[PDB]
Amino acid sequence: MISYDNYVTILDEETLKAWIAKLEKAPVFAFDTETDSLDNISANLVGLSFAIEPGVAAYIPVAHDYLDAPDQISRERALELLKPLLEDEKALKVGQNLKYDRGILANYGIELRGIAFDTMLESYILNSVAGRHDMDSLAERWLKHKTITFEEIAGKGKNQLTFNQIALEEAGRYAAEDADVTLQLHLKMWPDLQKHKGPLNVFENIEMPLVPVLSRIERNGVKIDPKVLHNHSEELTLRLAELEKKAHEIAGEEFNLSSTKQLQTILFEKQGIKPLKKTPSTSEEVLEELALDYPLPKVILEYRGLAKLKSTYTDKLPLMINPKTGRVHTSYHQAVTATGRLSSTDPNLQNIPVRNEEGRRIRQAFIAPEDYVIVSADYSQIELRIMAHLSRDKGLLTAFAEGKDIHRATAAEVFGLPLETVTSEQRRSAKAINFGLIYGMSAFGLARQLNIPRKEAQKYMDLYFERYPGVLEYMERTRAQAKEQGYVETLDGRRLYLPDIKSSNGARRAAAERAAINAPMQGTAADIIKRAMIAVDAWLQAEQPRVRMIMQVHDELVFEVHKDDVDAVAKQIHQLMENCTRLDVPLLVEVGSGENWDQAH
Ligand SMILES: [Mg+2]
Ligand SMILES: [Zn+2]
Ligand SMILES: [Zn+2]
Ligand SMILES: [Zn+2]
Ligand SMILES: [Zn+2]
C-alpha cells in the first residue's frame with residue numbers, strides 16, 4: 001500500500017528549489033502533471049510530480065481548492081521556478097504519455113523540451129501487441145505492482161471528484177507514484193529497447209520526436225461549421241423518412257428496416273434465396289448482392305447507412321466543438337494499433353466514408369478560417385509503392401516510375417492487352433488483386449469481392465504471380481521469417497510480433513500469416529507518414545509560416561494555409577514529404593486545396 005510516508009508533498013518554495021537543484025543534476029527524471037479535466041485545451045493544471053530516483057519522488061500541489069485546503073505554492077510561482085528546467089532541452093524527462101503533459105504546459109506559455117522518454121512508447125515499440133500500454137497495465141506487467149487508480153482517489157460516476165477537490169496527501173500518493181513508477185518502468189524497459197537497433201531507431205527518431213508534434217496538432221484542432229452539419233442532419237431526417245416510404249411502397253404495409261426480423265419475411269417471401277445479410281459482413285453481404293436487381297435490399301441498405309452516418313457524425317460532431325477554441329480537437333493515439341499507424345477518436349476521422357457522397361458532405365463541414373484554405377497532402381497509394389519496393393519487382397516499379405495507373409498497368413499484364421485499352425472491369429479486377437495482396441487475401445476472397453467464381457479468381461491470381469514473380473517471392477519470404485523469428489519488420493525497424501504464427505489453430509495461424517505479409521507494408525507507410533509529420537512540423541517551428549497542421553488521416557496530412565501563401569507552401573510541403581523521409585521507396589505526394597476538406601481532398 002502506498003501511504004503518506006512514501007512521497008513528499010512540496011508546499012514551500014525553499015523545498016521546491018532544493019528539488020529543482022537535484023533535478024538539474026540528475027541524469028534523467030520522471031515528470032508528470034495533474035489537471036482538473038481530461039480535456040487538454042481547457043484543463044487547468046492542479047499539480048506536478050517528479051521522481052529523481054526509484055522511490056524518491058514528490059508532488060507539488062498548486063491549485064487544490066477544496067474547503068480549508070492548506071496553503072500551496074501558487075501555480076504561477078511554481079511554474080516560473082520550474083520553467084527553466086522544463087524548457088531546457090538538455091534536461092531529459094521520462095513520462096507516461098508526455099503528449100498530454102507537454103500540452104498542459106503549453107497552456108501557460110511553457111515549451112516542454114528534453115522530451116526524451118515516454119514509457120508508453122517504450123512499451124509500444126518493444127512489443128505493440130504485448131498488451132495495453134497504459135501505465136497501470138505496464139506497472140503490473142513489468143513491475144508486478146498495482147498502481148493507485150484515479151477512481152480510487154476521485155471516486156466513480158457523475159459524482160466523481162476533479163483533482164483539485166482531492167486532499168493534498170491523497171493526490172500526492174497518486175501523483176508521486178505516477179512519477180516513481182514511470183521512472184522505474186523506464187529503467188527496466190530502456191535497457192531492453194537496446195537489444196535491437198531497429199526498434200531503437202523507430203523509438204528514437206520516429207516515435208519520441210512525434211510526441212510534441214501530435215500535441216500541437218491536437219491542440220490546434222480543426223474548424224467545423226455546425227450550421228452545415230445541422231442542415232445535413234435535418235436533410236437526412238427528411239431523406240430517411242422518404243426512404244421509409246419508398247421501402248413501404250415497394251412492398252406492402254409498414255415495417256422496420258431490420259433483417260433477420262422483418263426484411264427476410266418480405267425480401268424472400270417475395271422471392272430470393274433464404275440466407276440473410278450480416279452487418280462476415282465484407283465477405284458475403286446478402287443485401288448488396290440482391291441490390292443489383294431487387295430494389296428493397298437497395299433502399300434498406302441505403303437507409304441504414306444514412307441513419308448510422310447521421311448519429312455518428314452529423315449529430316455528434318457539432319457537440320464536439322470546444323467552447324474555448326470554437327474548434328474540434330480529435331484524440332490521436334500513438335500506441336494502439338498493432339502495425340504502428342496512428343488511430344483517431346472523437347472524432348474517428350478515418351471512419352468518415354471516403355468513396356460516398358454523404359461522406360463528402362461531412363468533410364465539407366471541415367472548413368478553413370477566413371483568409372485561409374485547407375490544403376491536403378496525400379501519399380498516392382503509398383502501400384502499393386511499398387509492396388513494389390519490398391518485392392523488388394521491376395514491373396510494378398517501372399509502372400510507378402513512368403507515372404502509369406498501376407491498376408491499369410497491372411491489368412494490362414494480367415489480362416495481356418495494351419494499357420490504353422484496359423477496361424473499367426479489368427482495372428477493377430486488378431485493383432482488387434493488388435489491394436488484396438496487401439491484406440494477404442485468398443483467391444476465394446478475391447472472388448467474393450469481385451463476384452466471380454472461385455478458381456476464376458485463382459486464375460487471375462496465378463496470372464498475376466507469373467507476371468509479377470517478385471510479389472509472390474516477397475510473400476513467401478515474409479511468411480518464412482515470420483515463423484522463423486516470430487515477428488516481421490518495417491523498413492525502419494519497427495516490429496510486429498506474431499504469437500499465433502504457429503497457433504496449430506487454423507483460423508488463428510491463418511490470421512497470423514496475413515498479418516505477416518501486411519505489417520511490413522502498413523507499418524512502413526506509418527513510419528513514412530510519421531517522419532513527414534516530424535519534418536513538416538520542424539519546418540513549421542523553424543520558419544513559422546502561416547500554416548497549421550490540423551489533421552492526419554489515412555495517408556494524408558491536412559493543413560490550414562493562408563490564401564496568399566498557398567503556392568509557396570504547397571511546394572514546400574510537397575518537397576518535405578516526398579524528399580525528406582525515406583529515399584528508397586518511390587514516393588509521390590498529391591497536393592490539393594480548397595475552402596474545405598472535401599474540396600482539398
Ligand atoms: Mg500489383
Ligand atoms: Zn499523474
Ligand atoms: Zn493506404
Ligand atoms: Zn484520404
Ligand atoms: Zn514531386
# chains A, B, ... in the order shown; residues from 1 in each chain; ligands from 1

$ residues_around --residues "segment 183-188 of chain A" --least-positions-apart "6" --cutoff "9 Å" --atoms "only C-alpha atoms" --output "ChimeraX atom specification"
/A:28-31,51-55,94-95,117-119,122,135,138-139,142-143

$ write_last_selection --atoms "N, CA and C atoms" --output "tab-separated table (two decimals), in the first residue's frame"
chain	number	residue	atom	x	y	z
A	28	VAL	N	18.44	11.74	-15.64
A	28	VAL	CA	17.11	11.80	-16.24
A	28	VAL	C	16.18	11.88	-15.05
A	29	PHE	N	14.94	12.30	-15.28
A	29	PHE	CA	14.00	12.35	-14.19
A	29	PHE	C	12.58	12.24	-14.72
A	30	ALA	N	11.71	11.63	-13.93
A	30	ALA	CA	10.32	11.47	-14.34
A	30	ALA	C	9.59	12.78	-14.08
A	31	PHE	N	8.68	13.12	-14.98
A	31	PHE	CA	7.90	14.34	-14.89
A	31	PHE	C	6.45	13.98	-15.16
A	51	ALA	N	10.22	12.49	-10.08
A	51	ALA	CA	10.90	11.37	-9.47
A	51	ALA	C	12.33	11.46	-9.98
A	52	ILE	N	13.30	11.53	-9.07
A	52	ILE	CA	14.70	11.64	-9.45
A	52	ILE	C	15.42	10.31	-9.33
A	53	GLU	N	14.83	9.42	-8.55
A	53	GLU	CA	15.45	8.15	-8.27
A	53	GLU	C	14.32	7.22	-7.85
A	54	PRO	N	14.44	5.92	-8.12
A	54	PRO	CA	13.37	4.99	-7.72
A	54	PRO	C	13.06	5.14	-6.23
A	55	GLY	N	11.81	5.42	-5.90
A	55	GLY	CA	11.44	5.57	-4.51
A	55	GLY	C	11.60	6.99	-3.98
A	94	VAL	N	11.40	11.77	-18.46
A	94	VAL	CA	10.77	10.48	-18.72
A	94	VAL	C	9.33	10.72	-18.29
A	95	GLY	N	8.37	10.19	-19.04
A	95	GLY	CA	6.99	10.37	-18.67
A	95	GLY	C	6.13	9.32	-19.34
A	117	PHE	N	12.08	10.34	-23.13
A	117	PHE	CA	11.50	9.02	-22.97
A	117	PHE	C	10.04	9.00	-22.55
A	118	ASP	N	9.23	8.25	-23.30
A	118	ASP	CA	7.81	8.10	-22.99
A	118	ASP	C	7.63	6.60	-22.76
A	119	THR	N	7.42	6.20	-21.51
A	119	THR	CA	7.27	4.78	-21.20
A	119	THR	C	6.15	4.13	-22.02
A	122	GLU	N	7.86	3.40	-25.15
A	122	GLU	CA	8.93	2.43	-24.99
A	122	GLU	C	8.25	1.06	-25.05
A	135	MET	N	-0.03	3.16	-18.18
A	135	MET	CA	0.84	2.96	-17.02
A	135	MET	C	0.42	1.85	-16.04
A	138	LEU	N	1.19	-1.44	-17.58
A	138	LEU	CA	2.64	-1.55	-17.61
A	138	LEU	C	3.25	-1.85	-16.25
A	139	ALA	N	2.77	-1.18	-15.21
A	139	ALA	CA	3.31	-1.40	-13.88
A	139	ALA	C	3.11	-2.86	-13.46
A	142	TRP	N	5.49	-5.24	-15.99
A	142	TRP	CA	6.93	-5.13	-15.76
A	142	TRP	C	7.37	-5.04	-14.31
A	143	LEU	N	6.48	-4.58	-13.44
A	143	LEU	CA	6.85	-4.41	-12.04
A	143	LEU	C	6.11	-5.28	-11.05

$ residues_around --residues "residue 360 of chain A" --least-positions-apart "6" --cutoff "10 Å" --atoms "only C-alpha atoms" --output "PyMOL selection string"
chain A and resi 352-354+597-599+601

$ residues_near_ligand --ligand "ligand 4" --cutoff "12 Å" --atoms "only C-alpha atoms and all ligand atoms" --output "PyMOL selection string"
chain A and resi 349-355+359-360+363+376-382+551-558+590-592+597-601

$ residues_near_ligand --ligand "ligand 5" --cutoff "7 Å" --atoms "only C-alpha atoms and all ligand atoms" --output "number ranges by chain"
A: 574-575, 578, 588-589

$ residues_around --residues "segment 12-15 of chain A" --least-positions-apart "3" --cutoff "12 Å" --atoms "only C-alpha atoms" --output "ChimeraX atom specification"
/A:8-9,18-22,58-62,70-75,77-82

$ closest_atom_pairs --of "chain A" --to "ligand 1" --cutoff "7 Å" --atoms "only C-alpha atoms and all ligand atoms" --output "tab-separated table"
residue	atom	partner	partner_atom_place_in_ligand_line	distance
A:396	CA	ligand 1	1 (Mg)	6.3
A:406	CA	ligand 1	1 (Mg)	6.8
A:410	CA	ligand 1	1 (Mg)	5.7
A:434	CA	ligand 1	1 (Mg)	4.6

$ write_last_selection --atoms "C-alpha atoms" --output "compact mmCIF listing (two decimals), in the first residue's frame"
# COMPACT_ATOMS: atom_id res chain seq x y z
CA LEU A 396 5.48 -2.51 -60.74
CA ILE A 406 -0.71 0.72 -61.51
CA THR A 410 -1.33 -4.48 -63.71
CA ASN A 434 -3.43 -5.51 -55.71

$ residues_near_ligand --ligand "ligand 2" --cutoff "12 Å" --atoms "only C-alpha atoms and all ligand atoms" --output "NGL selection string"
:A and (30-36 or 38 or 45-51 or 58-61 or 95-98 or 100-101 or 134-136 or 147-150 or 153 or 163 or 171-182)

$ write_last_selection --atoms "N, CA and C atoms" --output "short mmCIF file (atom, residue, chain, number, x, y, z; two decimals), in the first residue's frame"
data_model
loop_
_atom_site.label_atom_id
_atom_site.label_comp_id
_atom_site.auth_asym_id
_atom_site.auth_seq_id
_atom_site.Cartn_x
_atom_site.Cartn_y
_atom_site.Cartn_z
N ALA A 30 11.71 11.63 -13.93
CA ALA A 30 10.32 11.47 -14.34
C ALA A 30 9.59 12.78 -14.08
N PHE A 31 8.68 13.12 -14.98
CA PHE A 31 7.90 14.34 -14.89
C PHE A 31 6.45 13.98 -15.16
N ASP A 32 5.53 14.61 -14.45
CA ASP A 32 4.13 14.32 -14.65
C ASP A 32 3.29 15.50 -14.15
N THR A 33 2.12 15.70 -14.74
CA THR A 33 1.24 16.78 -14.33
C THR A 33 -0.12 16.19 -13.98
N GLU A 34 -0.91 16.93 -13.22
CA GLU A 34 -2.27 16.51 -12.87
C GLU A 34 -3.14 17.71 -13.16
N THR A 35 -4.33 17.46 -13.69
CA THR A 35 -5.23 18.54 -14.05
C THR A 35 -6.65 18.29 -13.57
N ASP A 36 -7.53 19.26 -13.80
CA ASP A 36 -8.93 19.12 -13.40
C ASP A 36 -9.83 18.64 -14.52
N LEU A 38 -9.82 15.93 -18.45
CA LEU A 38 -9.12 15.18 -19.50
C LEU A 38 -8.96 16.05 -20.74
N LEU A 45 -4.02 23.20 -14.78
CA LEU A 45 -3.00 22.44 -14.07
C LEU A 45 -3.32 22.52 -12.58
N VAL A 46 -3.31 21.37 -11.91
CA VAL A 46 -3.62 21.33 -10.48
C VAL A 46 -2.35 21.01 -9.70
N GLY A 47 -1.43 20.31 -10.35
CA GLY A 47 -0.19 19.95 -9.69
C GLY A 47 0.82 19.27 -10.60
N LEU A 48 2.04 19.12 -10.10
CA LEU A 48 3.10 18.47 -10.84
C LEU A 48 3.80 17.47 -9.93
N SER A 49 4.37 16.42 -10.51
CA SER A 49 5.11 15.45 -9.72
C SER A 49 6.42 15.14 -10.43
N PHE A 50 7.42 14.72 -9.66
CA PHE A 50 8.73 14.38 -10.21
C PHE A 50 9.30 13.20 -9.45
N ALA A 51 10.22 12.49 -10.08
CA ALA A 51 10.90 11.37 -9.47
C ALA A 51 12.33 11.46 -9.98
N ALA A 58 8.22 13.39 -5.63
CA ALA A 58 7.48 14.43 -4.94
C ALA A 58 6.28 14.94 -5.71
N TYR A 59 5.31 15.45 -4.96
CA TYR A 59 4.14 16.03 -5.57
C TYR A 59 4.11 17.49 -5.14
N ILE A 60 3.84 18.37 -6.09
CA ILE A 60 3.79 19.80 -5.85
C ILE A 60 2.38 20.26 -6.21
N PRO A 61 1.51 20.43 -5.20
CA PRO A 61 0.13 20.87 -5.41
C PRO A 61 0.16 22.38 -5.64
N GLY A 95 8.37 10.19 -19.04
CA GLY A 95 6.99 10.37 -18.67
C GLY A 95 6.13 9.32 -19.34
N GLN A 96 4.87 9.22 -18.91
CA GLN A 96 3.92 8.28 -19.48
C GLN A 96 2.96 9.16 -20.27
N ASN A 97 2.99 9.02 -21.60
CA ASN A 97 2.15 9.83 -22.48
C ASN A 97 2.46 11.32 -22.30
N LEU A 98 3.70 11.68 -22.59
CA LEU A 98 4.18 13.05 -22.46
C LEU A 98 3.42 14.04 -23.34
N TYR A 100 0.31 14.60 -23.46
CA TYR A 100 -0.65 15.28 -22.60
C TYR A 100 0.02 16.36 -21.76
N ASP A 101 1.11 16.00 -21.09
CA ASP A 101 1.83 16.93 -20.23
C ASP A 101 2.41 18.12 -20.98
N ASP A 134 -0.92 1.44 -21.18
CA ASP A 134 -1.20 2.47 -20.19
C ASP A 134 -0.32 2.16 -18.99
N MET A 135 -0.03 3.16 -18.18
CA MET A 135 0.84 2.96 -17.02
C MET A 135 0.42 1.85 -16.04
N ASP A 136 -0.87 1.70 -15.81
CA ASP A 136 -1.34 0.67 -14.88
C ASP A 136 -1.08 -0.73 -15.41
N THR A 147 -0.80 -0.13 -9.33
CA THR A 147 -0.85 1.30 -9.05
C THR A 147 -2.17 1.82 -8.51
N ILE A 148 -2.11 2.97 -7.84
CA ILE A 148 -3.30 3.59 -7.30
C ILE A 148 -4.06 4.08 -8.50
N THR A 149 -5.33 3.72 -8.61
CA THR A 149 -6.14 4.12 -9.74
C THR A 149 -6.77 5.50 -9.54
N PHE A 150 -7.10 6.19 -10.63
CA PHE A 150 -7.70 7.51 -10.50
C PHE A 150 -9.01 7.39 -9.73
N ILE A 153 -8.93 7.45 -5.86
CA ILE A 153 -8.81 8.71 -5.14
C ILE A 153 -9.90 9.71 -5.51
N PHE A 163 -9.52 16.50 -9.77
CA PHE A 163 -8.29 16.54 -9.00
C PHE A 163 -8.11 17.67 -7.99
N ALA A 171 -3.89 13.05 -3.21
CA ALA A 171 -3.43 13.43 -4.54
C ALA A 171 -1.94 13.16 -4.69
N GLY A 172 -1.17 13.43 -3.64
CA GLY A 172 0.26 13.21 -3.68
C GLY A 172 0.65 11.75 -3.84
N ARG A 173 -0.05 10.87 -3.12
CA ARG A 173 0.20 9.43 -3.20
C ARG A 173 0.08 9.01 -4.66
N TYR A 174 -1.06 9.36 -5.25
CA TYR A 174 -1.36 9.04 -6.65
C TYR A 174 -0.35 9.62 -7.64
N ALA A 175 -0.11 10.93 -7.54
CA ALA A 175 0.80 11.64 -8.44
C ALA A 175 2.27 11.28 -8.29
N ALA A 176 2.75 11.25 -7.06
CA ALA A 176 4.14 10.90 -6.83
C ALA A 176 4.37 9.46 -7.30
N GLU A 177 3.37 8.59 -7.13
CA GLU A 177 3.51 7.20 -7.58
C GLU A 177 3.65 7.17 -9.10
N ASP A 178 2.84 7.97 -9.79
CA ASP A 178 2.90 8.02 -11.25
C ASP A 178 4.31 8.28 -11.72
N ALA A 179 4.95 9.27 -11.12
CA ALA A 179 6.32 9.65 -11.46
C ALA A 179 7.32 8.55 -11.13
N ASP A 180 7.20 8.01 -9.92
CA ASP A 180 8.11 6.97 -9.45
C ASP A 180 8.02 5.72 -10.32
N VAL A 181 6.80 5.25 -10.56
CA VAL A 181 6.57 4.07 -11.39
C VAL A 181 7.07 4.33 -12.81
N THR A 182 6.78 5.52 -13.33
CA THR A 182 7.22 5.87 -14.67
C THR A 182 8.73 5.72 -14.78
#

$ atom_distance --atom1 "atom CA of residue 580 of chain A" --atom2 "atom CA of residue 546 of chain A"
20.8 Å

$ residues_around --residues "residue 261 of chain A" --least-positions-apart "6" --cutoff "12 Å" --atoms "only C-alpha atoms" --output "number ranges by chain"
A: 255, 267-268, 276-277

$ write_last_selection --atoms "C-alpha atoms" --output "CSV table (one decimal), in the first residue's frame"
chain,number,residue,atom,x,y,z
A,255,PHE,CA,-42.4,-2.5,-41.3
A,267,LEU,CA,-37.5,-10.0,-49.3
A,268,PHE,CA,-37.6,-13.8,-49.6
A,276,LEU,CA,-29.8,-13.1,-44.6
A,277,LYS,CA,-27.1,-10.5,-44.9

$ residues_around --residues "residue 285 of chain A" --least-positions-apart "6" --cutoff "12 Å" --atoms "only C-alpha atoms" --output "JSON, numbers by chain"
{"A": [259, 275, 276, 277, 278, 279, 291, 297, 298, 301, 448, 449, 451]}

$ select_by_dssp --residues "segment 324-546 of chain A" --states "strand (DSSP E or B)" --output "short mmCIF file (atom, residue, chain, number, x, y, z; two decimals) with N, CA, C and O atoms, in the first residue's frame"
data_model
loop_
_atom_site.label_atom_id
_atom_site.label_comp_id
_atom_site.auth_asym_id
_atom_site.auth_seq_id
_atom_site.Cartn_x
_atom_site.Cartn_y
_atom_site.Cartn_z
N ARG A 327 -13.27 25.16 -31.87
CA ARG A 327 -12.81 24.14 -32.81
C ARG A 327 -12.96 22.73 -32.24
O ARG A 327 -13.30 22.56 -31.06
N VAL A 328 -12.74 21.72 -33.08
CA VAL A 328 -12.85 20.34 -32.65
C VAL A 328 -11.47 19.76 -32.48
O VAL A 328 -10.62 19.89 -33.37
N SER A 331 -8.63 13.14 -30.75
CA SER A 331 -7.62 12.47 -29.95
C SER A 331 -6.88 11.47 -30.81
O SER A 331 -7.47 10.52 -31.33
N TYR A 332 -5.57 11.67 -30.95
CA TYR A 332 -4.74 10.76 -31.70
C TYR A 332 -4.14 9.80 -30.69
O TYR A 332 -3.77 10.19 -29.58
N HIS A 333 -4.05 8.52 -31.06
CA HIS A 333 -3.49 7.52 -30.17
C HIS A 333 -2.25 6.97 -30.84
O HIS A 333 -2.32 6.37 -31.91
N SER A 343 -4.09 6.11 -34.60
CA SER A 343 -5.53 5.88 -34.62
C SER A 343 -6.12 7.20 -34.17
O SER A 343 -5.42 8.06 -33.64
N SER A 344 -7.42 7.34 -34.35
CA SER A 344 -8.08 8.58 -34.00
C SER A 344 -9.47 8.34 -33.41
O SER A 344 -10.19 7.46 -33.86
N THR A 345 -9.83 9.11 -32.39
CA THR A 345 -11.16 9.01 -31.77
C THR A 345 -11.69 10.39 -31.40
O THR A 345 -10.93 11.32 -31.16
N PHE A 366 -15.72 20.60 -42.62
CA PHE A 366 -14.39 20.88 -42.10
C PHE A 366 -13.87 22.04 -42.95
O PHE A 366 -13.37 21.84 -44.07
N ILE A 367 -14.00 23.24 -42.40
CA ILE A 367 -13.63 24.46 -43.09
C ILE A 367 -12.40 25.22 -42.64
O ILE A 367 -11.91 25.06 -41.52
N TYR A 372 -7.91 31.79 -45.18
CA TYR A 372 -7.07 30.60 -45.20
C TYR A 372 -7.76 29.56 -46.07
O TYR A 372 -8.92 29.71 -46.44
N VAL A 373 -7.03 28.51 -46.42
CA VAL A 373 -7.60 27.45 -47.22
C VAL A 373 -7.13 26.14 -46.62
O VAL A 373 -6.13 26.10 -45.91
N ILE A 374 -7.87 25.07 -46.90
CA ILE A 374 -7.49 23.76 -46.42
C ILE A 374 -6.61 23.16 -47.50
O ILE A 374 -6.98 23.17 -48.68
N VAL A 375 -5.44 22.68 -47.11
CA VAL A 375 -4.52 22.06 -48.04
C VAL A 375 -4.34 20.59 -47.66
O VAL A 375 -4.05 20.27 -46.50
N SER A 376 -4.53 19.70 -48.63
CA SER A 376 -4.39 18.27 -48.38
C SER A 376 -3.19 17.69 -49.13
O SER A 376 -3.07 17.84 -50.35
N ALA A 377 -2.30 17.03 -48.39
CA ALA A 377 -1.11 16.41 -48.95
C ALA A 377 -1.24 14.89 -48.76
O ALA A 377 -1.18 14.38 -47.65
N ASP A 378 -1.41 14.19 -49.87
CA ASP A 378 -1.61 12.75 -49.84
C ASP A 378 -0.51 11.93 -50.51
O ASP A 378 0.01 12.31 -51.56
N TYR A 379 -0.12 10.83 -49.87
CA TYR A 379 0.88 9.93 -50.44
C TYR A 379 0.09 8.97 -51.32
O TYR A 379 -0.56 8.05 -50.82
N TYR A 487 8.34 -12.65 -35.72
CA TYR A 487 7.94 -11.27 -35.98
C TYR A 487 8.39 -10.78 -37.36
O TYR A 487 9.32 -11.34 -37.95
N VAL A 488 7.73 -9.74 -37.86
CA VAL A 488 8.10 -9.15 -39.14
C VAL A 488 8.49 -7.70 -38.84
O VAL A 488 8.11 -7.15 -37.80
N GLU A 489 9.25 -7.09 -39.75
CA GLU A 489 9.70 -5.72 -39.56
C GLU A 489 9.33 -4.81 -40.71
O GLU A 489 9.02 -5.27 -41.81
N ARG A 495 8.72 -3.42 -35.38
CA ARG A 495 8.31 -4.82 -35.38
C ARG A 495 6.88 -5.13 -34.98
O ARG A 495 6.28 -4.43 -34.17
N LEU A 496 6.36 -6.21 -35.56
CA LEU A 496 5.04 -6.71 -35.23
C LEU A 496 5.26 -8.15 -34.83
O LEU A 496 5.67 -8.98 -35.65
N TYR A 497 5.01 -8.47 -33.57
CA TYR A 497 5.20 -9.84 -33.11
C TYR A 497 3.98 -10.67 -33.48
O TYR A 497 2.84 -10.21 -33.39
#

$ closest_residue --among "A:329, A:341, A:195, A:459" --to "ligand 3" --atoms "only C-alpha atoms and all ligand atoms"
A:341

$ closest_residue --among "A:216, A:158, A:385, A:455" --to "ligand 3" --atoms "only C-alpha atoms and all ligand atoms"
A:385

$ atom_distance --atom1 "atom CA of residue 198 of chain A" --atom2 "atom CA of residue 582 of chain A"
14.9 Å

$ closest_atom_pairs --of "segment 151-211 of chain A" --to "segment 530-541 of chain A" --cutoff "8 Å" --atoms "only C-alpha atoms" --output "CSV"
residue,atom,partner,partner_atom,distance
A:206,CA,A:531,CA,6.1
A:207,CA,A:530,CA,7.8
A:209,CA,A:534,CA,6.7
A:210,CA,A:534,CA,5.9

$ write_last_selection --atoms "N, CA and C atoms" --output "JSON list (two decimals), in the first residue's frame"
[["chain", "number", "residue", "atom", "x", "y", "z"],
["A", 206, "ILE", "N", 11.55, 8.34, -34.60],
["A", 206, "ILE", "CA", 10.20, 8.44, -35.10],
["A", 206, "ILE", "C", 9.16, 8.69, -34.00],
["A", 207, "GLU", "N", 9.01, 7.75, -33.08],
["A", 207, "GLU", "CA", 8.01, 7.92, -32.02],
["A", 207, "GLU", "C", 8.24, 9.09, -31.06],
["A", 209, "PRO", "N", 10.14, 11.87, -31.25],
["A", 209, "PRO", "CA", 10.04, 13.21, -31.84],
["A", 209, "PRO", "C", 8.61, 13.59, -32.20],
["A", 210, "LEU", "N", 7.77, 12.59, -32.48],
["A", 210, "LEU", "CA", 6.39, 12.85, -32.86],
["A", 210, "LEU", "C", 5.52, 13.27, -31.67]]
